[PDB]
Amino acid sequence: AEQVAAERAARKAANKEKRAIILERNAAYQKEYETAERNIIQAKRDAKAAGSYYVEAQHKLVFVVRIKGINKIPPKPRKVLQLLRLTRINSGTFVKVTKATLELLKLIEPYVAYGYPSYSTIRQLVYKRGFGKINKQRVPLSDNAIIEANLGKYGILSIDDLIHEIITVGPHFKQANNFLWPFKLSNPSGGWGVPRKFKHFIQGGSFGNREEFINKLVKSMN
Amino acid sequence: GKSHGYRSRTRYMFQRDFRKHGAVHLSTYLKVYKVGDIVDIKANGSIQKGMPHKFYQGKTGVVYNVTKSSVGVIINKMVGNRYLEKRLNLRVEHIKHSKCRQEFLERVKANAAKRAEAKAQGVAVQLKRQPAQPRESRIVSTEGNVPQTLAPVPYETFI
Amino acid sequence: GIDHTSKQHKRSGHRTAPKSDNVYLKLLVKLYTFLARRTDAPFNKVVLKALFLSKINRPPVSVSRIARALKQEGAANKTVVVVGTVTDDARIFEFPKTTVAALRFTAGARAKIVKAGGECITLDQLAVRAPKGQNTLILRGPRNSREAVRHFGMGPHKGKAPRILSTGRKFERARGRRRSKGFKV
Amino acid sequence: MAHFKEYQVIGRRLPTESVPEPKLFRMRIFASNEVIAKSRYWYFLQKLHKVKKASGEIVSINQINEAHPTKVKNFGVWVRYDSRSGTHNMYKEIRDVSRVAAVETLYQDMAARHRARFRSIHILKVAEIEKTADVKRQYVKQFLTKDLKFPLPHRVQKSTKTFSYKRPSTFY
Amino acid sequence: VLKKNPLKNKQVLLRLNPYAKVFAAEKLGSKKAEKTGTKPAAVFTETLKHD
Amino acid sequence: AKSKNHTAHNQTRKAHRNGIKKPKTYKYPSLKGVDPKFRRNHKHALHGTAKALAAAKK
RNA sequence: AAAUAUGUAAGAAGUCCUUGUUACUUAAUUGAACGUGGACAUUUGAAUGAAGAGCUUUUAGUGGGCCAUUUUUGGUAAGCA
RNA sequence: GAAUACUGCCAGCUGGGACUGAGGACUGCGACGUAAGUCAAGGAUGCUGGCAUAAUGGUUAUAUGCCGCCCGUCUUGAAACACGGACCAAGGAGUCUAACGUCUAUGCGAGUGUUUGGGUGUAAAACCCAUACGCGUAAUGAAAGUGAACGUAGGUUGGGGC
């Protein structure tokens with residue numbers, strides 16, 4: 001009766017209920033994702049059948065990566081990059097797409113490559129390079145208890161809860177994204193695909209909105 | 001030599017508007033200014049007394065004093081690496097109420113009324129403004145709107 | 001390379017220890033370091049930081065100031081705490097029975113407090129009696145009453161004392177100080 | 001950007017309360033990817049109507065595959081391009097098996113013969129020539145004769161090794 | 001002491017996300033889609049084939 | 001002999017290294033430039049308010 | 001009559017209700033300024049960030065500048081001014 | 001009616017190569033297990049061989065590959081066709097003092113300062129001391145002069161701690 005196993009069994013039981021909760025929430029997220037994607041697919045098909053065109057809802061999330069070094073930057077784009085927390089090359093963050101942030105993206109276009117990230121990209125990014133800002137420190141997530149301790153007051157109890165709040169831009173996206181430390185990506189493993197980076201993606205360069213190819217770029221950078 | 005008189009470089013800024021010369025209409029003098037009111041400064045060139053210096057044209061400040069024919073305005077002026085408080089005695093011909101602050105005051109009233117109705121029904125009435133959101137999905141119908149195909153046009157001289 | 005938004009390697013700018021070499025002050029600091037780590041009372045942290053301050057940042061606290069503090073409602077039975085010196089004051093003629101914890105008591109202050117039926121005690125006695133600062137009242141002396149502060153911020157129309165050795169007529173009371181001699185400030 | 005695909009891009013002005021259902025303008029755009037295709041769409045819509053990307057919306061973008069991508073076709077192309085000293089209109093004929101491959105050949109040929117970069121070329125029209133006697137350029141006409149056959153004199157064989165032991169031949 | 005990558009090291013991958021075993025057991029990464037025989041409208045076909 | 005006459009070069013960088021700071025407003029601003037009649041009467045108004053509050057609080 | 005650049009606001013030092021002070025003001029128990037009481041978390045009133053924020057004292061060196069894009073003056077021009 | 005390309009996804013499987021092995025009782029999160037337990041799960045272990053010394057390694061000379069202009073100084077700009085410097089040893093330049101500012105340490109504290117002097121001494125030391133004097137405890141005015149509580153030494157806003 002030394003209270004070792006008496007408290008360890010209680011802690012193990014509490015961990016069991018936490019994992020049961022996480023399991024059910026992740027399953028519900030998986031059905032929600034599948035239903036969403038299948039629903040847009042069938043919406044396009046049904047609009048075709050009816051003779052209409054289905055215009056997809058505009059994207060709510062962008063991933064932005066700084067692709068330019070820190071020297072010789074004008075003050076306004078330098079300030080915007082600091083406010084987006086892109087203070088070194090190959091740093092990346094998520095941005096919720098509104099008019100206010102779209103004007104920032106326009107203002108830093110020659111120094112970043114951005115686009116609309118897919119669920120695979122977000123999941124791999126947070127699983128590989130996810131770090132929490134806890135007490136001003138860069139803390140590797142590596143466990144669901146850390147996320148519960150710093151984000152559980154918003155209902156985020158797991159790394160999949162965090163990913164869900166990112167992918168569907170939820171009510172507490174600001175807090176979840178700010179909790180995420182800016183991602184430190186590497187140079188792309190097969191290169192940039194272009195001779196010269198510092199033209200617009202449209203003109204055969206790297207910067208600007210490359211909307212759906214940001215997934216390929218980030219996978220190579222991750 | 002150089003010249004830096006009080007009204008130097010004001011040739012166009014102190015003009016009267018085109019076909020808007022002469023007597024100032026009485027709405028300027030019928031206005032009521034209280035301490036704490038936020039006002040814009042725009043000099044009227046036909047009233048040479050109580051006139052602001054050219055730096056304050058377009059500046060917006062707070063009334064701190066009310067006299068017989070003038071108001072005192074606080075203005076923040078950037079000098080060197082900091083801001084300094086400047087007190088201006090301006091005749092009412094050179095100022096006007098800030099419409100921005102007017103609309104903020106009715107926005108405050110609307111916020112109170114929304115909260116009062118939400119106390120009855122519909123809690124969490126979303127009082128904060130939001131930026132323009134990305135648009136949602138939509139069905140565009142071709143019925144009576146068959147797409148017209150455009151192409152670039154060849155070059156012509158026009159002369 | 002990283003676009004630094006703030007100065008790197010910036011020291012916090014606060015004393016983490018007394019600059020003095022007093023072994024007894026260091027023992028007091030050891031006690032309140034332990035107390036501020038192992039208790040959640042903000043009083044212990046306040047006392048620990050006050051033990052670091054310099055002489056000008058611990059102005060003397062008079063017994064008149066102590067009596068005025070004990071005049072506050074509900075403060076009659078509180079333990080007065082002065083991280084510094086308690087000095088004597090002959091302007092005041094009556095004292096209540098009270099307990100004062102301080103670094104130092106002047107002979108006059110100690111005699112007056114003891115004569116009033118009170119007791120003078122060191123900060124470790126305070127730590128033993130009130131480990132969480134129970135029922136205490138921290139008093140601090142006037143910092144800007146120092147003579148050096150008279151001259152801080154000297155400038156035209158600022159109304160500060162000029163740094164001057166001799167005082168009187170013929171010593172900086174002329175041109176610059178009155179309208180009849182040039183201008184006034 | 002000469003991994004060319006063809007897209008139909010349909011867009012419109014944003015619906016308003018006074019004017020719902022705008023007129024749904026459509027373009028055929030040759031481009032390497034959908035992002036460039038939408039960029040070209042807004043570029044041409046800005047240049048022909050009073051509609052910029054901010055006041056409009058892309059309703060549909062679809063890749064158009066060649067209907068018979070494995071039959072040799074004669075293509076007539078109308079272009080306008082900018083030279084160093086003016087703008088010009090041009091007509092060319094390309095014999096090839098698909099529209100995208102004809103347009104790739106067109107861009108390479110305009111770069112080679114007129115130093116005309118992609119920036120400087122508007123493809124006015126690409127249309128299959130239905131029948132012969134409408135082809136007007138001899139470099140396409142000469143490949144349309146009966147029982148065509150020609151040799152390829154002077155064959156040059158690639159050598160994988162630095163030294164050969166045989167003093168090779170060019171027969172073919 | 002060491003960050004261990006999920007997406008490899010199945011042990012850490014399953015310490016996080018207990019649902020991963022159910023995902024890999026039901027083969028949710030290769031979900032067969034239902035069959036639908038929806039046909040685009042003729043007007044869509046002519047619009048696409050235009051010019 | 002001759003040197004540079006003037007330039008504002010680097011001056012904005014200097015001004016922004018220690019930032020451009022706002023005047024740090026307060027509650028109860030100073031009654032400087034306020035009309036003397038106003039503040040003369042305001043003194044008596046505050047005095048009466050304090051006296052009435054003291055009487056009400058006994 | 002642009003583009004770029006630029007002032008201000010986006011709330012608790014607030015809003016509302018009631019009634020207290022004055023020697024100012026009102027024809028007036030009209031106002032003005034400052035208040036006593038009372039009612040106001042999911043969002044305390046747009047976004048993003050915040051690296052701690054605010055404040056003080058004291059003192060070094062410097063007070064020959066020059067170059068690039070863009071705007072621009074004199075000059076034919078200049079690695080000119 | 002199908003295939004295939006292209007694009008995308010898999011918490012699909014699997015082979016080859018390189019660099020790294022930080023930490024040092026246990027504690028955590030998990031996984032496989034009916035359990036006992038085991039594990040790739042909060043950082044390398046197991047098995048084997050040769051040598052046990054110039055073998056590895058250090059130092060040094062040389063060779064090879066690539067790179068490397070002469071320092072100091074004034075200056076926007078120095079390798080400069082700018083100035084000083086052939087070489088070496090020894091010497092060679094922010095000191096002391098009077099009066100001060102800020103900061104800090106110390107003693108005492110409405111006071112403070114023994115050392116002009118006197119007393120004393122193991123004799124330029126140490127130890128002890130009266131009356132004064134300096135600064136501080138009151139300011140202001142040119143000066144004659146006058147000289148700091150209406151009040152719980154005031155009201156209001158904020159304010160650590162209690």
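Below, read A as the first sequence line, B as the second, and so on, with proteins coming before strands; counting in each chain starts at 1.
- Taking the six-membered ring for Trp and the full ring otherwise, D:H122 and B:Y155 have centroids separated by 6.0 Å or more.
- Here the closest heavy-atom approach between residue A:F63 and residue A:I214 is recorded as O-CG1, 4.0 Å.
- Across A:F183, A:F173, A:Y114, a single residue satisfies ring pair (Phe, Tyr, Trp, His ring centres under 6.0 Å) together with A:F94, and that is A:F183.
- Checked by atom type and distance alone, the side chain of D:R137 never pairs as donor or acceptor with a backbone atom of D:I94 at under 3.5 Å.
- Taking CG of E:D51 as the start and CD of D:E6 as the end, the distance is 9.0 Å to the nearest 0.5 Å.
- Classification of D:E93 and D:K136 as a salt-bridged pair fails, no side-chain N sitting under 4.0 Å from a carboxylate O.
- The residues D:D96 and D:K73 are annotated as not salt-bridged, no charged nitrogen and carboxylate oxygen being separated by less than 4.0 angstrom.
- For the pair B:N145 (side chain) and D:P22 (backbone), a donor-acceptor distance under 3.5 Å is present.
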Full working for side chain to side chain contact (heavy atoms under 4.5 Å, CB included) between B:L150 and D:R26: CA-CA 6 Å; B:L150 313 160; D:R26 168 191 183 256; over 6 Å; no
Which pairs would a plain distance check flag for residues 185-197 of chain A, meaning a side-chain donor or acceptor within less than 3.5 Å of a matching protein atom at least two apart in sequence or in another chain?
from: A:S189; atom 1: OG; to: A:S220; atom 2: O; distance (Å): 3.2
from: A:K197; atom 1: NZ; to: A:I67; atom 2: O; distance (Å): 3.1

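- Around CD of D:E130, the count of heavy atoms belonging to other residues, nucleotides or ligands within 6.0 Å does not exceed 12.
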Full working for side chain to side chain contact (heavy atoms under 4.5 Å, CB included) between E:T47 and D:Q8: CA-CA 9 Å; E:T47 300; D:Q8 77 160 0; 3.9 Å; yes
Table please: side-chain donor-acceptor pairs of residues 30-41 of chain D below 3.5 Å, with sequence neighbours left out.
from: D:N33; atom 1: OD1; to: D:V35; atom 2: N; distance (Å): 3.2
from: D:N33; atom 1: OD1; to: D:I36; atom 2: N; distance (Å): 3.0
from: D:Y41; atom 1: OH; to: D:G11; atom 2: N; distance (Å): 2.9
from: D:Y41; atom 1: OH; to: D:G11; atom 2: O; distance (Å): 3.4
from: D:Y41; atom 1: OH; to: D:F25; atom 2: O; distance (Å): 2.7

Salt bridge (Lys or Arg N to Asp or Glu O under 4.0 Å) between E:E34 and A:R38, worked out: CA-CA 10 Å; E:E34 283 75 13; A:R38 288 277 102 203; 5.5 Å; no
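- At a threshold of 4.0 Å, the pair E:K31-A:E37 does not count as salt-bridged, since none of the basic side-chain nitrogens sits closer than that to a carboxylate oxygen.
- Geometrically, B:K20 does not engage B:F18 in a cation-pi contact, judged by NZ or CZ lying under 6.0 Å from the ring centre and within 45° of the ring axis.
- In summary, the aromatic rings of A:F201 and A:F207 are positioned with their centroids too far apart to meet the 6.0 Å limit.
- A:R85 contributes atom CZ, which lies 6.0 Å from atom OG1 of A:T93 (distance to the nearest 0.5 angstrom).
- The backbone N or O of D:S83 lies less than 3.5 Å from no partner atom in the side chain of D:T87, so there is not a single donor-acceptor pair.
- Atom CD of D:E104 is separated from atom OG of D:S98 by 9.0 Å, given to the nearest 0.5 angstrom.
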